[PDB]
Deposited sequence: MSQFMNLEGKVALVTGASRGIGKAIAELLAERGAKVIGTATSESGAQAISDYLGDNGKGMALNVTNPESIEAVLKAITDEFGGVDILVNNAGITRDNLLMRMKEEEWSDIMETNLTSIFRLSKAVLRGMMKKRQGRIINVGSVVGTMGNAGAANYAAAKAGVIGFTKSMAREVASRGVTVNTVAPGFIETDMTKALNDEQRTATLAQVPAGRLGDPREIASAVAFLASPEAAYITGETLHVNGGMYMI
């Protein structure tokens, strides 16, 4: 009974590796039927292989409303309606790309799943913010929280919660590349004196996803070791 996701259908974007993956795997351990996603059909297959009987991969282009419609219809058809949504992850271009990837795509896919969730008076939307390395990332991240809080207020009456998980410095593929010099400047900024693990983000997501977290909405949960 305690924090069990048996009977839930979870849509995890960006499920191929790292945080996206660690989330998908944990939600699977907790009993959820996990549809993890990737921008390509190959990545979707890699997702399908690690999930096995606990779900599958699907190719998804969040910039395209038809690709969204078809994925949700497909999920509704095999699994039931998505109960849990987890949204994962200088020129004029870097800006407009970050705003699309880290903000607009988070808005669009959130609005899309809500129809079905509010029909059921039950849903969980969780937006995972970008892990720290800035203006562009800061602007998008604060935009998501902005949006999360307003959407939270509009839908709380209909049994849907909308929350954000804000990671600090997390041990990932990229972070190992930063040399022993650049390593220490990162740890200097964290009171814990260590990088966070992708499992720790997944733990925060799964809690918020649980029936136990039904009265938590419009919250930003920081997982940063005191780097605030």
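Which parts of the deposited chain sequence are absent from the coordinates, listed in sequence order? Going by the record, the segments left unmodelled (no C-alpha atoms) fall at 1-2, 92-101, 146-151, 247-248.
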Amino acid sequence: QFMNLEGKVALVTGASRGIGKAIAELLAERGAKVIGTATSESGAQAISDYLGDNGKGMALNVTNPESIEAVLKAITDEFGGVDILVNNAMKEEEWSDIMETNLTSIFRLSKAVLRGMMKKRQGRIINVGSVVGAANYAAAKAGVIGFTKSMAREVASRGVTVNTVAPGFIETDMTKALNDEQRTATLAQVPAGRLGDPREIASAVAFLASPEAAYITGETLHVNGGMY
From here on, numbers count along this sequence of modelled residues.
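Higher-B stretch (mean Cα B-factor, as the entry records it), 173-181 or 188-196: Between 173-181 and 188-196, it is 173-181.
Mean CA B-factor: is it higher for 45-53 or for 30-38? Going by the record's values, the stretch with the higher mean is 45-53.
Compare the CA B factors listed in the entry for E100, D83, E93, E154 and report the winner. So the option with the highest C-alpha B-factor is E93.
If you check the C-alpha B-factor for each of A202, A59, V160, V165 in the entry, which is highest? Result of the comparison over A202, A59, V160, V165: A59.
Could you tell me which third, lowest, middle or highest, the C-alpha B-factor of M3 occupies within its chain? Top third by C-alpha B-factor.
By the record's CA B-factor, is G133 among the lowest, middle or highest third of residues in the chain? Its C-alpha B-factor belongs to the highest third of this chain's values.
Split the chain's modelled residues into thirds by Cα B-factor; is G14 in the lowest, middle or highest one? Middle third of the chain for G14's C-alpha B-factor.
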